[PDB]
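Notes for the one structure printed next.
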Amino acid sequence: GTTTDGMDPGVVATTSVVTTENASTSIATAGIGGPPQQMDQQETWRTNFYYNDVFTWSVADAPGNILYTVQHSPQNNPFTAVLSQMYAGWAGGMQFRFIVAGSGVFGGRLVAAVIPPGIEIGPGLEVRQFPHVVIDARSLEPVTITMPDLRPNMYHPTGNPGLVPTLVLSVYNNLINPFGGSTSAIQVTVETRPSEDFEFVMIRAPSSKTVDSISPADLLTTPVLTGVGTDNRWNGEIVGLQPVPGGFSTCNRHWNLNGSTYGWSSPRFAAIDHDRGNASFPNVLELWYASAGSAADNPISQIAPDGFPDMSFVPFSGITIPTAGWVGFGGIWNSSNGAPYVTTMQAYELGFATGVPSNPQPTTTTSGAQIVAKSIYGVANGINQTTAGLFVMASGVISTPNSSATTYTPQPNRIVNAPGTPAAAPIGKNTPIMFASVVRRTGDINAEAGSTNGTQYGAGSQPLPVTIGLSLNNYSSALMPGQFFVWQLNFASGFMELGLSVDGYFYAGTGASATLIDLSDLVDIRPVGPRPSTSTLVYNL
Amino acid sequence: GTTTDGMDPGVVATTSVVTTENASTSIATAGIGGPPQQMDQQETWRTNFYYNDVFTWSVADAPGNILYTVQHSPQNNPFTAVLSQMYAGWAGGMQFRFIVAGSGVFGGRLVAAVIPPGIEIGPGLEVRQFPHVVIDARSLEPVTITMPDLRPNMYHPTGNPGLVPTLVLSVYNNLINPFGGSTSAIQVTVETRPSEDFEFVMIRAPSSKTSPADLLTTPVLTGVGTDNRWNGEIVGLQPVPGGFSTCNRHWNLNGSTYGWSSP
Amino acid sequence: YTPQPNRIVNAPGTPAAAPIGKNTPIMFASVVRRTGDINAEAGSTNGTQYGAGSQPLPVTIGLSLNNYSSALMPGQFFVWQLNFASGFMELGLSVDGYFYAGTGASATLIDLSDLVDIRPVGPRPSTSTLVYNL
Amino acid sequence: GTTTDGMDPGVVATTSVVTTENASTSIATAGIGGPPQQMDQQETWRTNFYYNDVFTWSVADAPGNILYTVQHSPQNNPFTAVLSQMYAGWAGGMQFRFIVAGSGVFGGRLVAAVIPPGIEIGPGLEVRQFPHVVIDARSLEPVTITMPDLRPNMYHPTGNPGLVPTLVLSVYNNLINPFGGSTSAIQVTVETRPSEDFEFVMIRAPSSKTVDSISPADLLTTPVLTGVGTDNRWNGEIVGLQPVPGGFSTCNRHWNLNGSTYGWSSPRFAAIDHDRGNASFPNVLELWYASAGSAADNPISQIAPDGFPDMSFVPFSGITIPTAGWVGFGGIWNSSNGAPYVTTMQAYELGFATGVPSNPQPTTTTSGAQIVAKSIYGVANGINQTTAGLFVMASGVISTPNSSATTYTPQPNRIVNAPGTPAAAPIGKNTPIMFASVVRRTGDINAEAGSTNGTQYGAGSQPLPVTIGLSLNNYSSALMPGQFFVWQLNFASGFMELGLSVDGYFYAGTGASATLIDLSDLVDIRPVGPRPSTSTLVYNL
């Protein structure tokens, strides 16, 4: 009993949803796709159990609290997911093996049940009023539960499988430690193998693509966060994760799971170039400005030229240097022939401001606003032109008046967004986060990391490869409204979960904290899949 | 071999998607719509092949180029299209007969395969990595390919069938004319015939509605219609190589306008 | 023919029509009066004056009344066939509402006097050259 | 005979290498890995033939010329390659089916043979002095030839399989057309399926990595060249391929297939920053310079700071504007505290030059050279300092004196390389090529594409994702010295082949032409695999 082999299911527990009629009907209806494939019952990939997930069980969990959910899918087994790349459909059930690492002195019970399709999974689900099985905290041998395929279709297409059942495990009775003390939690391991009636149909070419994508599993791979990927605002290597308990919004260079964007930029960093604008200087500070909604040459949107930052404008004059402003190197060029005014090359600051023919005032709404660029240093010689063009670089820096570092920018109050942009708000104990990278500052252009003058961090909403992938492929059917697609980040000490919504914002289970999370100890990233958005993500750091 | 009657299929080429299990399951599951209709196996409209389409095969077609492709539908047969006006559902397969009008001196081969539902059809689709059949340009007798009804639903409603399989014919090897000259293309004729398991269900009214074809009719351009800027009878078409733009009294295919005038 | 492309005034956000391979956007040309000679209509010795429009009026009315937002995918043309006495030609319509013909880089006016009938064809890829057998 | 089904092998032709002893020995020795997996003989993926490649046969091919080669590998079948992701070893042979699209009036014969391991494949191989089979050009039914597994190991590991045999098809007699005329070529199609003794052993986790990589197949994927990937010198979207008949060399931001580089930059674009240098100006042009071999803060190499361009310096003075020079926006900063001299912000030109305390002279050797930056426009006010720092952006532009466009730069004579850098030279009809992107020019900063003033193209040696992949993973065993890893680029009209060597240079079969190849009509990229470097690549455009 103390030793378990890979082919041992332990105690077999069944519920009222495992019937002969269901199996016979599933097998009969699956025949529309031809004879079943991969039915050799002596293959190693079919006979052994393989790891799926591990979750914890604490004494502070009240009865009815959900500890583990999983949606029926071939992605729940390492070898069925690989085999799914060469077939167009699948059918059948799966077996789930649970091992409880308890002791003989503990108390409490767990309950498991199968949820039929069409029922929402959340805090309002009463698992104990379904056909169910009860497992004690003192169980020694593993317990296996079978999830049948309850489907309204003849078979599940690889692209869009349709409606599938769900398996939920919740607390039946509180875990109790008679001694008390600091030991108040145990762990449960889940393992899976396909049932005897699982099958594939309709072999297909591996290079062909399904109308609808399986799932955005490949968007967030380890190189994206281990030092190769960069953020979508400052184009710098991501080095940390910054929680945002207040909440924020972002639309510039930001895609959702429907192949649409609310900004004006493309998933790249290319020189900002506009042709028609008003330039004047009434060592002098050149001031160029234009009206929003006039970028007729930008096909994505007309709000601003492609690449224009979505930060507010910080007023400044004379010797005073603005703090936390977006600065790019460039200048003015003659809109008549395209030639550049060589005497205006300098590091300008760009932003969105309203009513600035004379009075600079910051704004965060693109409706009825203006785009303003103003040099922070004296140019060689000023130019007065009614119509002139602006040419700036897209990879900017942060303006600071001294060598000291400031808080991460842009702050949530500095972000400028188009109307209709959805917002990210905390959900229970799940908080939206931003990706933090290291950026240069004008006060000290030599401090990068570990300097005595402090470290400066810029923030972005999505990684650049993730944005490119969301802008290329379609993921409008992989996730339902109200669920998070969860990946697992594995560090040297513990691990954490990272969720992605349908709007494109990332969430972590950091609660109300705001301390930056370091990614130096990251080892690898493992996808998990769809989970309810009201389930707290694991943060074991 | 030089004479073919209306009931001869010719050479029956089989693909792995054609199985007895599929036909049996389709017949069993189609019963949800009631007893099958138009299922007599001795009717004249079911036993014969009838013309559907024709396409051209040139020596300039590179391998992989698609020459013919149709989605599974009752519209692929002249007589099932007529009967589909009074029925609301259908299920079953269909056979396709191909006759190549070549000669004994030509070279080149074609490839045909059936694409399962849920897979995008386009230039990136590699037909030759699916189970397929190779047909030579010197074929004297007709070759028949059967498309089975692979579907995740119980039946196909006429309003919206859903996911359906697709038949694709593409170039396997280039057409070769040893003599060269001006003769550099041949024709291929396609005829169809329903399978033994095809059926209709759920009779409906002929005048029941489930494209912008009627927008541009002959009177619009033969002397009755007028332009949207000067209100004068259209008499010519002027190309604009440079390109232009227009929003006043101009509507797109989404029921919206960017101008300020009414039609 | 007027208005020339540089004379057209448009609101911001209006999409433009550009050549696609060998497919060129076209305008519909009609006969209009001029103040200098209000008697010349067609075949006059003083020349013929042509005005230009973007869409026919019945087509505009139909597009403004009914919904066609699902009949065509982005990147395809709905093609009709115009049959003349000698040969035929293809005419494509996009989602933005502009008409295209396979006239290449030519700019000569096409006469509609010999038109006999119009036959619809349907959706086709926008990168496929339209047949101009005239 | 005119119709062939997917399971029909046609005429079965055998040679002296297909023996009972070989099969029995292979089956017996494969048992060290346990029972064989995936042996179900009725599976669709085993019973059908699937497409491998298509090649042409011309009347101008002399006898003994090689038309088709393939190396024994599970990558030669679409479904065995997928299944190889979950197993640690394989053994067995493969069947190859050939179809000739000939006619009854043609003449000529082909010859096929199996080459045992350890024999070089090239123009010096006499195929007709091996056991072989002869195929006529008038063959109607397909002909199938079996390649047995002739291996010195018990089984082939997935990572490093070892020595394997090769299949070669060459001309036996010239193809003849009795009518003559313009018809002088026919086509041959090759298809594969596994033999009855093919097997897998030792199932493994799909997420585990093999010590040595299978093959660099995923380095060059369609998004890299369809509009997402960028070059490694100008960071611009690749839009064309430029042949280089003369030959060139490149080491800055360029990796080989051994995980090593000869340059000084990392696979990224980050601001160029150096601390110690001599700045002087004896509207004035500021001139900063330093000695090479003094970048102690750069861990990759000490030749130059990371990101410094590898182009030569073009002398200029007064009003004259240098042509085809690398220009970046930036300036001088105080090395004492890191503060920047705000009056020196301008667009400088950077380069390598020798002996420039007074006389500018270009150079192309980093040994005993100097790095020189000089502003091309007058700064607000000059600064004289014995020690000062330089801060420039890494995404530069091309300097031109007017609005006209020039040839693609840098030219092969302008590239600066470290000693020991291997060169790329034409091999028969295979010519090294560069990746061409669109870059801005100072004379006209508004012309991008299709402008009346001309188009300016910058050139790079490798795509950025390819460089990153080569710098992360190990490919030192996938390719032997003297072979090219070939991908296929499929356009609307025809296709082309692209080869990659061990040094990291790309080759195309464009011969002695130098016209730019457009990538607008590209549809998809299909890997092919290892091929002899002396075999001409197909260029059917």
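Each chain gets a letter, A, B and so on, in the order its sequence line appears, and its residues count up from 1. Computation of the quantities below employed the complete heavy-atom set of this structure, encompassing side-chain atoms and omitting hydrogens, waters and symmetry-equivalent molecules.
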- Go through the atoms of B:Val220 and report whether side chain, backbone, both or neither lie under 4.5 Å from a heavy atom of chain C. side chain
- Message: Among B:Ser262, B:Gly259, B:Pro219, B:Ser211, which residue has the highest count of heavy-atom pairs closer than 4.5 Å to chain C?
- Response: B:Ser211
- Parallel, tilted or perpendicular: which describes the rings of B:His250 and C:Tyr98, with under 30° parallel and over 60° perpendicular? tilted
- Task: Measure distances from B:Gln238 to the heavy atoms of chain C and classify the residue's part below 4.5 Å as side chain, backbone, both or neither.
- Result: both
- Choice from C:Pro125, C:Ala101, C:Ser54 maximising heavy atom contacts with chain B below 4.5 Å: C:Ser54
- Mind running side-chain contact (heavy atoms from CB on, under 4.5 Å) on B:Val235 and C:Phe28 for me, showing each step along the way? CA-CA 8 Å; B:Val235 291; C:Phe28 294 80; over 6 Å; no
- Got a second to check how far B:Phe244's CZ is from C:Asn6's CG, nearest 0.5 Å? 13.5 Å
- Message: So for B:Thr257, is it side chain, backbone, both, or neither that comes closer than 4.5 Å to the heavy atoms of chain C?
- Response: neither
- Heavy-atom pairs under 4.5 Å with chain B, option from C:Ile8, C:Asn10, C:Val59, C:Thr24 with the top count: C:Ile8
- B:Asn254 and C:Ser69 side chains, donor-acceptor separation under 3.5 Å: no
- Spacing of CG belonging to B:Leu216 relative to CZ belonging to C:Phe78, to within rounding of 0.5 Å: 9.5 Å
- Among B:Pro241, B:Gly243, B:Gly255, B:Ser256, the residue with the most heavy-atom pairs under 4.5 Å to chain C is B:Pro241
- Message: So which residue, C:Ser113, C:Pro58, C:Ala71, C:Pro120, ends up with the most heavy-atom pairs under 4.5 Å with chain B?
- Response: C:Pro58
- Max heavy-atom pair count under 4.5 Å with chain B, selected residue of C:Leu72, C:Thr108, C:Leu82: C:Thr108
- Message: Please classify the contact of B:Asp214 with chain C as side chain, backbone, both or neither, using a heavy-atom distance under 4.5 Å.
- Response: neither
